[PDB]
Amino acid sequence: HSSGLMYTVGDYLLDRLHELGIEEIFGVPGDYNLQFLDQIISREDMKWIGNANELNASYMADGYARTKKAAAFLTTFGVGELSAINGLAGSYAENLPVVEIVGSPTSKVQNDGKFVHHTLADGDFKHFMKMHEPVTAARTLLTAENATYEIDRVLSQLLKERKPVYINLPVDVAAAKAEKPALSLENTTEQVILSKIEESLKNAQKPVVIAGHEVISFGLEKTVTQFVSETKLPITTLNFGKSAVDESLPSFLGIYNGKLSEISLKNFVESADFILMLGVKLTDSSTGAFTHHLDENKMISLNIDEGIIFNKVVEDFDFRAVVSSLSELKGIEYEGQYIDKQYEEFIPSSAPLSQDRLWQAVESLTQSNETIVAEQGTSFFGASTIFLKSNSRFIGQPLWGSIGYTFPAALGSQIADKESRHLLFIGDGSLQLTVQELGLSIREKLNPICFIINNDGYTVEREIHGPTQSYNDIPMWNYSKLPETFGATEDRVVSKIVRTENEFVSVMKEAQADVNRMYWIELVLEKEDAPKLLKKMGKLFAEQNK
């Protein structure tokens, strides 16, 4: 004790999760995990945060992982795990270190082949783990004797690749005896790679660094930011991995998005004489539908699973080790120009809110040490191009792109860093998929600023195909009234409806000033209104489907 005044498999698992930095476990209870849940409740160093449903729990764990750099959630066998699998798939796609724990029937029930609840009544308890093979880096069915090695094996794989892993935990196994961990869980080609990077950077007249999502996966943002700060090297990111570096760096150019990039940024990146890509994946939504021009002949790219050194593929290196050794490089100093930074100002009028003006206002009014979370739809595509301030971050999911993700994800991220004020931008259509975590937000007394874009349906989809087709319409809820209906009082959540630019600035300032309450702001915009980038990207998506 600080004052100076049987261990089980369940304790071992929880101790290892604590080592990973996890202080909160998400999910939904079931009879097959209640005894292990008791162990979670008893922990002084970690909190159970129960969700309304398992898909939302998986999304929430993903957001938490993006900020905390590790996460865990708990489901019940069959019905819980299968409800969550789309969230885990997203975590695999965008490479987030999430542990799913699945409580399963006792070893004896499984071995007896009993037709119990949450099964297909065929006595086979292994179908569901098999179904997770494509979306997990490692998976295990624990036994009393295998538990400590199996837990360590799969969590070591989480540390190695920062992809999700899967632990099936039978009821009786969690209660079985174990002993405390003895040790914690935590170069030639690597040194060659560093020498070639050093040589290339020093010889380059116009170098450019491109940082991506795998930097975020490994929590290497501060490391890359420091490297770029010290060397003054020009840097850009895709919208996939936005905030992989601090956007207040003087050498940060903006977001490269193929032919949809700002012209001066596009010209700079595409005329660079050397390109260093760190943890980047080029996807449709992050390259203006594959209209990027990045010359492999002038490039060294480093990813988790491979590196390409001027066209030579290498696999025998550690991505984290190489990136962390970049500030052993001395004497690299860019002496050229960057591009002109446009002046950021927003002067409101009484005009009704429009998309392009909305994002101009958000850019101006967002502060340092805030996290912007933006949903697929007008929100992602508008917010993607805003210049973030010092120590500010971004969460978007452009590869997996599961609408509804951002609401639970914003809440998980907000729990992960209570000192970083989260601003959520989510569409009306997207909120309807995951709205039930509003209850959790109230119970946990979270204080994010949530903006719900009521544009009477799926505007991003209207921009791609069938602008006046009925399938792009949704039932209109009274969005501003949701907190009250879900049990919130005025001293917990402040709810608003905003129609004009003047109203938006007033509420935004009011919300930003009041750090001790959650804000729930219904923004009314026209269904035909889309931000400039989305008007362009919509037609590219449409072309891709022809």
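We number the residues from 1 along the sequence you see.
- According to the PDB entry, the deposited sequence contains 4 to 9 residues between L5 and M6 that lack coordinates.
- Coordinates are given for every residue of the deposited sequence from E335 through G336, so that no gap is recorded there.
- Of the two segments, 82-90 and 240-248, the one listed with the higher mean B-factor is 240-248 (C-alpha atoms only).
- In this entry, 481-489 has the higher mean Cα B-factor, the comparison being between 481-489 and 62-70.
- Listed residues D124, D305, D112, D428 were ranked by CA B-factor as deposited; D305 comes out on top.
- Take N95, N168, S364, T434 and read off each C-alpha B-factor from the entry; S364 has the highest.
- In this PDB entry, the Cα temperature factor of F290 sits in the middle third of its chain's modelled residues.
- When the modelled residues of the chain are ordered by their C-alpha B factor, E221 lands in the middle third.
- The PDB entry assigns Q35 a C-alpha temperature factor belonging to the middle third of its chain's modelled residues.
- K130: CA B factor lies in the lowest third for its chain, per the PDB record.
- The entry lists a Cα temperature factor for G466 that places it in the middle third of the chain's modelled residues.
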